[PDB]
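One chain is shown next in structure tokens, namely the form deposited in one PDB entry.
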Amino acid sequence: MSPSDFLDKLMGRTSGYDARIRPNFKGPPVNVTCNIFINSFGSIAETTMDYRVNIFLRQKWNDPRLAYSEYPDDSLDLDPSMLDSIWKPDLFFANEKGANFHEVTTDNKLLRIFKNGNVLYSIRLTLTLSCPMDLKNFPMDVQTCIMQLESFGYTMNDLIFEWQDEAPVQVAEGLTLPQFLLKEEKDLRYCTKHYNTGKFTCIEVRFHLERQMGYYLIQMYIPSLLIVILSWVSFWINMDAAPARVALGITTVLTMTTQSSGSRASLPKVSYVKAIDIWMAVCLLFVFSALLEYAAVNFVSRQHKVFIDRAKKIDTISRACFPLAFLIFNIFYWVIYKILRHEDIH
């Protein structure tokens, strides 16, 4: 029998299908099952506090007016251009900053109608979602991104969103991030929005991401270590080499200050302290203490033999004193941020 006729017969003016009316206009709410597939995931920025994702969005619901029985086939595909004659839910993303469709050669849409009236709807989207970040423990941190899917114009009495019982969130094979690691377990929960206009449905996804130490360890931690050792070099120089020792101290202090200033080049202007700030503060304290030690020795040496060995004893003590205290500080610093990071994400 001719396939062209049934397309308008099912849902035209002859049938009386009005796309502006819910499948059950007076009765129980419409239950919608949601499902996403993460195609691409990246472009995480701390300055603007957002990330970009590319997904396929799947929806399923039942419309009794779309049932058919005269074909022998159980399921049949449709055309993207005829989506304007079918009622569809008004899903939208709450934490969105910007989004757009894809129309590279045709409309990237999929529609499928079953015998009993089940509808499968799949579209391709790209999103710029906002994600607040807690930058305490900055180089060693875990973040939790959020994705919200809620209705806009339909109250809880009409639309109710749900998650598919099995496999709600799927990730494409081989997906990797240059800077983060994406965990394999996801948290699924519920919203409920209350406004002046009423009660609205919402569902939520949580992704856990861990930062990598490979880049930061090369970039920030090692050069400060080299500056500290370079400052320590001055303890073996003759005490009479005043221009040499003073120049070494001043250069080390200024370089440490510039490095500490440059450590916050690509971060938002937050108002609390961080791990990298503590590390740079301790390094500044060490180099400043070395320069003050030389200043004290230089002042002591010119008090005119009992004043000669007094100056030498300070250098002898300092040579074995500074690295030991630095080692103790390193031990405590690295232990406390591996017992504090050990706390559960949830």
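Residues carry their position along the shown sequence, with the first being 1. Basically, rigid core = biggest C-alpha set you can superpose within 1.5 Å across the two forms.
Although it is not shown, the form deposited in another entry is what the next lines describe.
*Asks:* After the core is superposed, which of these residues, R211, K109, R245, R206, moves its CA 2 Å or more between the shown form and the other one?
*Replies:* Flagged residue: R245.
*Asks:* Once the core is aligned, please say if the CA of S122 is shifted by at least 2 angstroms between the shown form and the other one.
*Replies:* After core superposition, the C-alpha of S122 moves less than 2 Å between the shown form and the other one.
*Asks:* When the two forms are laid on each other by their rigid core, does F326 show a Cα shift of 2 Å or more between the shown form and the other one?
*Replies:* True for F326: a C-alpha shift of 2 Å or more.
*Asks:* State yes or no: after fitting on the rigid core, is the Cα displacement of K9 between the shown form and the other one at least 2 Å?
*Replies:* It does not, since the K9 C-alpha is displaced less than 2 Å between the shown form and the other one after the core fit.
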